[PDB]
């Protein structure tokens, strides 16, 4: 399974990626996760990315493409992979085609989790994640068994810096501008498939398993 997840900030991509990885054993590759880990470590790329992420802007194309090229060339990607929130621009998608031609690992399907913008502010301001393993919760929609504690590793939950009302409105504007050109790129390829993201979390995952059932595991 060679897969991409696309969708607006807060649509449910991370939530569904956790369930796909647990079921099928393929590597989870999230560019947002990679940039936040680098920022916490204080590396030159992490400090560059921080200026863009704090505002709600996208990180420039070529440095982003470069970290993806290197990750996908690893041995653990031989029998499949899941890209979560990359690509984000048509220039990223064009580069990704050339990378996969070269290593012989072409995309099976692009999964678009479709959610309208009027519900996304409430999704993002109540999001809480695990400091140690990244597991995703929501104080109203999907709370942990014990308050402030991860169900998976027992670590402390926290609110991301970028999940504030002012930075969320900027993220929605920036990412919406890229949606129609990216969706048109993959529709013309023939392997874009749509999922209704405005359902219960377990029903969204059911529809995702139904999409993926024709692939070898």
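Positions refer to the first chain, counted from 1.
Checked against the record, the higher mean CA B factor of 43-51 and 187-195 lies with 43-51. The PDB entry reports B-factors from which the mean C-alpha value can be compared for 140-148 and 73-81; the larger average falls on 73-81. When the Cα B-factors of 93, 110, 113, 103 are read from the PDB record, 103 comes out highest. Annotation for residue 133: CA B-factor lies in the middle third of the chain's modelled residues.
Per the PDB record, residue ranking by Cα B-factor puts residue 120 in the lowest third of the chain. The PDB entry assigns residue 207 a C-alpha temperature factor belonging to the lowest third of its chain's modelled residues.
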